[PDB]
Every structure is written in C-alpha cells, then in structure tokens.
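In: Just the structure for this:
(7 chains)
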Amino acid sequence: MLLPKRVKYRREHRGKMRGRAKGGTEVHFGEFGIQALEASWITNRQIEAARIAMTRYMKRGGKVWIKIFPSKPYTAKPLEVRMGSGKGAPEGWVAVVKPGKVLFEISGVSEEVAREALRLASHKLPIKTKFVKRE
Amino acid sequence: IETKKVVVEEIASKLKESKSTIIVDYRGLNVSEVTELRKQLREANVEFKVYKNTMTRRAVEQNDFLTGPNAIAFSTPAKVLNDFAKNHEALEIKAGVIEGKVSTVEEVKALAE
Amino acid sequence: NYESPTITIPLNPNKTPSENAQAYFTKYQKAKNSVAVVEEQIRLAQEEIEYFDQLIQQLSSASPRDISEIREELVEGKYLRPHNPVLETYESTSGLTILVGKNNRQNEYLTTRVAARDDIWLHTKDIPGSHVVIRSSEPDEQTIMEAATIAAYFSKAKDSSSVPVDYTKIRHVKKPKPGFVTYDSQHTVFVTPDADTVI
Amino acid sequence: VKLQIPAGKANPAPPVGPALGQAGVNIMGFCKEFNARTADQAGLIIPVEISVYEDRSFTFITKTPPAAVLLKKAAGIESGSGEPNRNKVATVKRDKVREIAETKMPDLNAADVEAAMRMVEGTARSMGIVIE
Amino acid sequence: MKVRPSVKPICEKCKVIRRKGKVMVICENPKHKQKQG
Amino acid sequence: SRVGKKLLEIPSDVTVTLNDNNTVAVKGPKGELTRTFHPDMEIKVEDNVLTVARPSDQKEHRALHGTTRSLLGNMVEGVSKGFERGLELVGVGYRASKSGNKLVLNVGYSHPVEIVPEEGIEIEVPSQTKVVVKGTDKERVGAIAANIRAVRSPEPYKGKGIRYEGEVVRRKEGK
RNA sequence: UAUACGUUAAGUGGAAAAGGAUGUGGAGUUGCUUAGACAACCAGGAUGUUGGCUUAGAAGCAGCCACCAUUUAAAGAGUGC
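Out: Numbers count the residues shown, from 1 in each chain, chains lettered A, B, ... in the order given. Below you will find the coordinate block:
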C-alpha cells in the first residue's frame, strides 16, 4: 500500500480529468512500458495487485520503474447518513491518470514475458491501455 | 533470395561438374534400408547423393523422367543398384549419364549389366 | 527363483498381474524408503550417541571456563543459551609446554587456531579426556611419552595405563559435518602417568 | 529382441525368460547356446540381437561390447559422470579411441575413421569422459 | 462445455471457430470445449 | 491452394441435362440423380469435363466453386466417389439382423428396434456386429449412420455401443 | 421510393460495459513466396544409444546430468501419445 507518510492537508477538493498526460508518457528509465488510453482514480492496492501478478508470472521480474504515487486522498463518510455536517473522513489514497501516461516500465526480462505479464496485469484493471517500448 | 541464389549456385556447380551419373527415383523404403544401400555404395566408391527435380531439369535443358523424388550416383555402381533393386524393389531407374552419354532406362540397365 | 521353491503367492484378484506386480514393487520401495529413512534417522541417532559420548569425552576433562564454552557449543548444537578466550597449556614433565585442548571449541582454539600443521598431536584413545599438542614440537620419545602420559592420567581412564595416543604430523589431522575431526596417519604411543608435572 | 548378457553367464531367467518366454525357449538352453558360441568371459557384456521367424526359427548376431564397458574397465567407474560437463569421473586416450576403433570398426557406423571417431566421441561426451 | 463471455482456447488442439454468429472453442477435450452465447 | 479451381470430369456413362438455367439432372451407373440450383454460377458442361465460373469474387461463390466436381452440387462433390458407411458395434448381446431391406436391432433395451433403408440404400449384415449402409448420397448415408449410432452410442466408461467403424473413439479410461 | 460514392445486416439502426472474438470493409507495415511457398496426400522420420545417472526396470518419454556425433535430403540422446 503506497503511501505518503506526511501530508499538508488530509483532505482536498476532489479534482477533474481533462486533457492529457503532461509527462512520463514514454518508457525511458526501463525498456518495455504500458500506457494509458483513458484516465481514472486508482488505488495502491490495485497497482500492487498488478505488482504481485507480474512478479509471480516472472517470479522476480527484472525491474520496473513505476511512474506514479497515490498522492491524492479521498474521503468516505459513514453509512446511512444525510448530507452536510462537514466533509467526510479520509479513507485511503488515490492515484490519478491522464491518457497517454505510462504507468510501469519494465526491463531485464524478455519482451514476450513482458507482453504476457502485462496482459495479466491489465486484465485486473478498469481501463484501456496498451503495451509500449523504448525508441 | 540471394541465399536461394547461393543454393542454386552450389547445386549448379556440382550439377555442371557431373560427368557420369545415374539417376533414380527413391520412395517407399526406410532410412535403415537406405543406409544399407549407402554402406554398399560407399564401399563401392560410387558417390550417391539426393537432389531436386526443378534444378535437375534446368540442368538437362542447360524431363518427363525428372519429376518425382530423385537421387543420383556420380562416377568420374548401378550393379550394386541392380542388387539392392531386385532385392527390395521400391525405386525407379529412370535415367543416367556417363561422360555426357545421356542414358535411357534400358541403356542404364546395359551400363549396369 | 532361477533355486526353485514354487511359492503360491497372494495375487489380489480383480487386480491385474501388472498392477499387483508393480504394487509389490511399490510396497517394496515403500518399505525400503520407510526403513531407509528410519535407518538414516538412526544413523544420525548413532552419530548423536557418540556425539554425546564425545561431548562427555571433553566434559570429563572440562574446567568451568569449559563449562561456559560448552554452553556456547550447545547454543551451536541449539541445546543451550547463556571475547577471545582460546585455550590454555601446561608444563610438560620434560621442561616443555604442551597445549591442552580442553574442549571441543578449546580444541579448535588450541589446534585449529593455535597449533601448527605437521605438529605432534594427541587425543585420548577411547577414554573420556581432552586432547593435547606439542605444537611445532616434534614430540620425541620423552616429549611424546610425557604428553601421552598427561592424557593417560587426565582422562576418565586415568587408572588405565597404556593410553595409546596416535601421534604423527598434524597435516593428516582430519576435520569435519562439524565437530567431526580425526588424528590419522598416526602411530600409537601407550602411556601412563603422574599428575603434578603439568604445573 | 536385443539382449545384453555376459559371454560366460547363462540362465538369468528374469531378463529373457520374459523376453523369449512368450517366444518360449529353453532359458539355459539358449543361454548356453550363447555361451557355447561366445565361450568367453562371464561378467563381460555382449549385445546380441535375436531374430525369430514366424515358425520359431531363431537366430542371432552377437556383437562387440559397449564402449561404456570397455571404459568402465579403463577408468574404473561404475556410474558415468553424475553430471557430465560438470563432473568428469573418467579419462581415456586418443590411443584408446583407436584401440576401440580397431576393436569395433566392424560395429562402428560411420565409414571413415574420423567420422567413426565423431560418433564414438559423441558417445564419450554422452557418458562424460576426457581424453589423454 | 463451458459458457462464458471470455472465451478463448487452452491447448493448441483447442481451435477457434464460429457458429450461427456465435464464437466457440473446439478441442479434443470437453474440459476445453467452450463457447459464448 | 484451393478446392474449386479444378476441371472436373465426365468419365463414362454420364449424362447431364441442364433442365433449365439451374434445374439439372444426371444419369450414371451410380444411378439417376437430379437437383436445382442458384443462378449466379455459370455452369457449363464441356466434352468430358464440367467447368464453372463465378460472377463475383465472393465468399459463397467460393463454396460453390469448391462444390464443382461430380453430380449436381455437393453431389457435385459425390458421384465418382459413390458411397457407403460400415458400422461395427461394440458389445456383448449387441447385434442386429434384417427384416428384408429393413433392419432389426437387439442391443440394450427391454425391446428391440427396427429401421428402414428407404432411399435405395442397401443394408448388408455380414455379421451380427458388421453392418454396412451403401448408396450414393453422402447426406443420406452419413445421416442414417448417425441416426443409428445415436441410439446406443459408444461409451467412455467402457467400450460399448455403436461405432463409426473408422472412429478413433475417446477412450476415457474405463473406470 | 431524389441523384452520386462506400458501410454495415445486427432490424444494428431502434438501450449499456468490462472482455471476447480467422466478423466485417478500409488503409498501412512486414518474413515466406510460382526455382513453385502453405496445406493435403505419398515416401521416409534412422545409427552409436535403451545417451549416461538413478531406477527392480527408466529403454525418446518417473526423476538427475547430458542433449553429443553419424547416414545424412533430414529425423530430437526426442514433441506428445
């Protein structure tokens, strides 16, 4: 469960997703990447689920260069409650996206292994993506 | 396809250099009977090999016999072939040549007998 | 039996000659594996028995620093739970100095850490004792007799003379496993003794 | 059927008593036929191929022993290398290669001496042996 | 036979076909045999 | 790399009659056998051989061009073959005989069963297990072969039941 | 029941996803490839060697190392039964 250990404000305004990825849209710390075609709000539990998936398919698989960090928190009020009475309480964390953004690079392991590992990684996920590699 | 050109080139080299050779169909006989034949032709010192028909025909023009899977025996023999043949009888004795003496079936038989 | 007894076996109808043949081989290899497992277990057990006897061999010669040292040895054996304190020596009756390998670890420190190779070494021949060494001193008749003597009256067989300690070049002194060392390629010297010469 | 038996032994039932007990031959009868023809060392190993016609007209060809046997006798191994290319538990000579050629060039299966050696050395590396 | 939407083969003798506008997996194996619907 | 590209023959005793655009008949020693067809395929009987053209290079005209051999359609994949299917059962009391042309069946039931070769088939029961359907229609012959074998089809847990005599049956290891 | 150029066939049109898919038509890239490819069919698919180890036996096919060399058109110390 990726975390920021320290925060300024426990809470935020929620945010939006328009446009496209500023940077990190291409594999250059690793060899064989995966990138977005969409965007959403994402959990460290999900990304580490993919981690364990790929690293068990590969069993130590190479090296990654993860591109992201779940900086954003989100709240979740208690249950069967009405509106108002102040903002809800912080619940977990969130990792945000823009399309064209790369999430995981890979290196040290064969391209075909990469393809299938990231297949099993991708099928976890709510989004549409594709494989990439370095220029 | 330059590699094809090398292949056709080398086969052409041996195929031009062929001065006596008897030509036969090979079919319906295991690798072990084949190797028996090879033992007796090796000790015969009559040089047996296996090649392809498009290329053999291109040599002959350089044909009706030449289709079907064909092997060869160089000289510079067919008696050993008569032996194996009447012993086993899964072959054909379609044609031959000696010093450019392109040979009928009966003529390779005469050379073989 | 190619021998010809004509045994009429049990063969398990409703089950094939093959099935029951390879099932006979199955129980064969099974009893084989069970008993071989149990016999390497019991081999471990017998080497453990003489490992008690070896622990005791050293213990009968052990001093209180050796008590603590063997408490360390049995943390190592896992059996106990409680810094350079290698070993000690004694004054041979022949005006020499004999290093007294006083324990398992004290023997490691007096022989494997202290003594030199091709030296004169000795251990109690099947008597509960400690080992000794005239390290880099090729024990002559007098020196070897005095060292074998100190052992022959320091053992639990101190009443028994003719302690036949095998001595030779320590180059052949074996070492292994762990605590599995030997002194081989060695000629035996039978000894008896007095005591107070050691000091 | 291929058998693999010492030249002097006879009546090992469990090997061939099956293998030609469905054929139904005298175990010691045929094994002493074998010893009478290969009246040679027991403890040795001859490969021997038996050919039986439909009417039970059995014949056979005895052949030269294995190079495994010859070089077990040479190097002094019981098992080959426990891991060839990692352990070499036995060693022979080029002279030994020629000795085994001259022994078995009837049974060897490449027309040239050098290709015979290629196959022999394929087997030498099969069983993991070095050369002197 | 196995209903699913996520149809796909298992072995290589598993074979992909279509039938009546629907997608199917032939195989030797009923326990590979599949289709959508 | 193709089924239909061939030029497909009129061996002997053969008589086409193109009864109209697409209504056509055949006689041969196999029998007299007739059909009617789709108009796009331009089908043309030559001396000793039939030929066909498709107007449009299309997925279905390919099917037809591949069904360009012998009698009329897929039977223009059939005549010169000429047809039959044997069947040997796999059983204990499983057996059969005939009631004339018809077929009598004694397999696995409190009753026997009866079958008819309506379409000029000949059934032949050389043995109680061995029977043969024979005719000149793939459709019909294979059809009744399957009709039969469905009745007491063969089994996984034992080799039982009817069998396509050439089948490679799934031997589920008879438990 | 317009004209011209293509699309789909599901009545999509005319209600929706993850995901699936030799569906489809379009472009485009790229090795094989009419010395004839691919498939089918026919022929073979062998030798030391049952490679050696271990195994009661392990013989291509229990498991371990090896995975060589030869006839060679090519056949693995063996791809699976």
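In: Three-state assignment for the residue positioned nearest the centre of chain B, please.
Out: The centre of chain B sits closest to residue B:72, judged by C-alpha atoms, centre = their mean, with a distance of 1.5 Å. Under DSSP: H, G, I helix; E, B strand; the rest coil, residue B:72 falls in the strand class.
In: Identify the residues contacting stretch A:36-55?
Out: For stretch A:36-55, contacts defined as C-beta atoms under 8 Å, 6 or more residues apart in numbering or on different chains pick out A:1-3, A:17, A:21, A:61, A:64, A:66, A:68, A:70, A:72, A:74, A:92-104, A:106, A:117-118, A:120-121, A:124-130. For every residue, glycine as well, the C-beta is placed using N, CA and C.
In: now the strands: where do they sit in chain D?
Out: For chain D, applying DSSP state E gives strands covering D:2-5, D:46-53, D:57-62, D:91-92, D:130-131.
In: Let me have those strands in TSV, extended by mean neighbour count.
Out: Below are the strands of chain D laid out as TSV (neighbours: other C-beta atoms under 10 Å in any protein chain shown):
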stretch	mean neighbour count
strand D:2-5	16
strand D:46-53	15
strand D:57-62	12
strand D:91-92	16
strand D:130-131	12
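In: For the residue nearest to the centre of chain B, list the residues it contacts.
Out: B:18, B:21-24, B:48-51.
In: Could you point out which of those residues is nearest to chain D?
Out: Nearest to chain D among those is residue B:48, at 11.8 Å by C-beta to the nearest C-beta.
In: Quick one: check the longest helix that chain B contains for contact with RNA strand G.
Out: In chain B, assigned by DSSP state H, the helix with the most residues is helix B:2-17. Yes - using C-beta under 7 Å from any atom of the strand, we find that helix B:2-17 touches RNA strand G at B:4-5, B:7-8.
In: what's residue 132 sitting at in phi/psi?
Out: Because you didn't say which chain, this covers chain A. Residue A:132 adopts backbone torsions of phi -150, psi 160, taken as degrees, to the nearest 10.
In: Chain C, not that one
Out: For residue C:132, the backbone dihedrals are phi -150, psi 160 (criterion: degrees, to the nearest 10).
In: and it, how many neighbours?
Out: 33 (other C-beta atoms under 10 Å in any protein chain shown).
In: and residue 100, how many neighbours?
Out: I went with chain A, as the question did not name one. Residue A:100 is flanked by 18 other residues according to other C-beta under 10 Å.
In: meant chain F actually
Out: The burial count for residue F:100: 9, using other C-beta under 10 Å.
In: cool, residue F:40 as well?
Out: 14.
In: before we move on, what about the one 5 residues further on?
Out: In terms of burial, residue F:45 registers 16 neighbours under the definition other C-beta under 10 Å.
In: Could you report the distance from the closest residue to it other than its chain neighbours to residue C:159?
Out: Spatial nearest neighbour of residue F:45, excluding adjacent residues (C-beta to C-beta, 6 or more residues apart in numbering or on different chains): residue F:16 at 4.8 Å. Going from residue F:16 to residue C:159 by C-beta to C-beta, to the nearest Å gives 125 Å.
In: Between these two, point out the one with more neighbours.
Out: Using other C-beta under 10 Å, the more surrounded residue of residue F:16 and residue C:159 is residue F:16, with 16 against 10.
In: and the residue of chain F nearest RNA strand G?
Out: Chain F approaches RNA strand G most closely through residue F:1 (3.6 Å), counting by C-beta to the nearest atom of the strand.
In: Residue F:35 belongs to a strand?
Out: Yes - under three-state DSSP, residue F:35 sits within a strand.
In: Quick check: it vs residue F:22, distance?
Out: From residue F:35 over to residue F:22 the distance is 9 Å, taken as C-beta to C-beta.
In: same check, this time on residue C:157
Out: For residue C:157, the distance to residue F:22 equals 119 Å [C-beta to C-beta].
In: residue ranges of the strands in chain B, please?
Out: Under DSSP E, chain B gives strands at B:20-26, B:47-50, B:70-75, B:91-98.
In: closest one to RNA strand G among those?
Out: Of the strands of chain B, nearest to RNA strand G by C-beta to the nearest atom of the strand is strand B:47-50, at 3.2 Å.
In: Disregarding flanking residues, what is the spatial nearest neighbour of residue 97?
Out: No chain was given, so I picked chain A. Distances taken as C-beta to C-beta, 6+ apart put residue A:39 closest to residue A:97, at 3.9 Å, once the chain neighbours are dropped.
In: um, chain F though
Out: Excluding the flanking residues, the one nearest residue F:97 by C-beta to C-beta, 6+ apart is residue F:104, at 4.5 Å.
In: Residue A:115 too?
Out: Closest residue to residue A:115 apart from its sequence neighbours, by C-beta to C-beta, 6+ apart: residue A:131 at 6.3 Å.
In: and what of residue C:184?
Out: Counting by C-beta to C-beta, 6+ apart, residue C:172 is the residue found nearest to residue C:184 once chain neighbours are left out, at 5.2 Å.
In: on that earlier part again, tell me, how many residues neighbour the residue nearest to residue A:97?
Out: For residue A:39, using other C-beta under 10 Å, the count is 19.
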